[PDB]
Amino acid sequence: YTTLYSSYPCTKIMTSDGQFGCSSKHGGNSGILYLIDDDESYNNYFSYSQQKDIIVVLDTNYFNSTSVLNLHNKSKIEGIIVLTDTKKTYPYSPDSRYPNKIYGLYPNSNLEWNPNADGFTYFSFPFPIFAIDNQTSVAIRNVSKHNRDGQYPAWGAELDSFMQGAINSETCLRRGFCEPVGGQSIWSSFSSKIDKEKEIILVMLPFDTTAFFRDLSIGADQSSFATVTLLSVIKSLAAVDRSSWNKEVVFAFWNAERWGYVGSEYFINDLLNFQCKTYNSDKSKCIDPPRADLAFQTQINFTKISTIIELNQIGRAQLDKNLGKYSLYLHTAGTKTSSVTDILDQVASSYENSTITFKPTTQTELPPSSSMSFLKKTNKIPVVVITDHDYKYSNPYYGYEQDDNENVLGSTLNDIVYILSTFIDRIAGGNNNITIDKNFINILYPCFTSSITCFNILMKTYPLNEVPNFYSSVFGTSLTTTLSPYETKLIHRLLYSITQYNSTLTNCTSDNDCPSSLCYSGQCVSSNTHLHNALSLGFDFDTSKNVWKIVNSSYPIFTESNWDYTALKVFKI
């Protein structure tokens, strides 16, 4: 009877063995609003029976596994609303102690890279949980508190978030009530065609993120600080004379990495194993098996990849009181890595005002990283994973809504873009003087860490949610019906544009008007930039039953519930 539109639901995700996340009952959940905002109201919950059906409103300091799981009541809890008008006053991660442990290089590892984590995200809730935006939280905190008088023209709410998929992935897939968690990765080169005689420098990062409330998955340190960094590096490199480069550089933005590295794994699998049985007319696509773009097969030789650089949480570099500089940490693997890290050290020291210094790790295992997918295949090349931590994550809010613009060091971004741009130029064989594109940095940084309203001129739609959120969501309904959220399309169209080598006035009104190119506002634009499937190898699509099938559960199996609609309504009882 009063719909609150900026609401962010907890949704249901199925796995091989079970399920986690939340759902409302069929027809939604409703109850009296009860506010927990201090120890007093917390304790007074256990003895509160003015009503059967209760919607608990939580100050976020009380939203954690221990605190929520202890809410046992004779009344039954019908839902939770989490307020975001205040932040947590302590470090908090609802994610795993070792994200993606079993899908990486060290399945038997005893390390805990994220040791503060309480794993709250991976519990199965039989009632709905919503977060709400700042303004709405203020209002709901107000009315939920007003209920404390105890007289009954009181305030209540209804939470609608019915998840069709349930139980486990085998079950929901069979019924068509869920879809694989996945999406599209994006890679790019400034070369119009990669010289298959040159070695390739691969510079990459995981751009997808996680959260309890996935519509709020900014993941500033987790991913998006690095995403801004690498795009800003690419924009800066777009303006230099790259004619001196004797190696190819490929930039890769891997999707759905937080769900078992499926983006890097799928791409690598295709590099090593793909064979097309049936091509389309101009052989630009494969009909069987379906691939919308064959550039990877045409241009990229796995064995020519001769260096891998990965960005993996670089927005909370640690202040060193000695040097008066912030530390990033170099986690290395493969062979002949000191040659590469020596250049990084040099660039970081090359100018007086640098606020960045590099340190080695003390750990003997790489942290969870996309480079792990390549190291499963080769140990022959130098791999450098750049992070902001030696061991324990510097990110105090890993996989959580509070991993936002206030969780990262904007003041280090220019230095990191400059250092990485210059570094890449040097190892590609150049000696250019880099000027970073500050205008671009200043637009993109708040765009991906606060409010995703930038570069909409490149888009055909406006985003429904202005909170940047990089959760991969679902791959699609089949291999021929792929889906991508706004965030992926924006990264794709922006990367494509920055790396363009040609643009022609044609008055095109759609990409199909443009031969071997894309349409941007009446220009046909040419760029060596490409989408690629990011999807577990454990799935296959049966065109017979027209359904996804689990063919190998050794690969990551995550399938997000389908749902019709989500809504939060407040009303007087």
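A residue's number is simply how far along the shown sequence it sits, counting from 1.
Remark: stretch with higher mean C-alpha B factor among 5 to 13 and 545 to 553 is 545 to 553.
As listed in the deposited structure, the average C-alpha B-factor of 104 to 112 and of 205 to 213 is greater for 104 to 112.
Within the group 389, 258, 277, 97, the record's highest C-alpha temperature factor is found at 277. The top Cα temperature factor in the record, among 489, 235, 336, 88, falls on 336. Placement of the Cα temperature factor of residue 182 within the chain: lowest third of the modelled residues, per the deposited record. Per the PDB record, residue ranking by Cα B-factor puts residue 263 in the lowest third of the chain. In this PDB entry, residue 532 carries a Cα temperature factor that places it within the lowest third of its chain's modelled residues. For residue 410, the recorded CA B-factor ranks within the lowest third of the chain. Only modelled residues enter the ranking. Among the modelled residues of the chain, residue 438 sits in the lowest third by CA temperature factor in this PDB entry.
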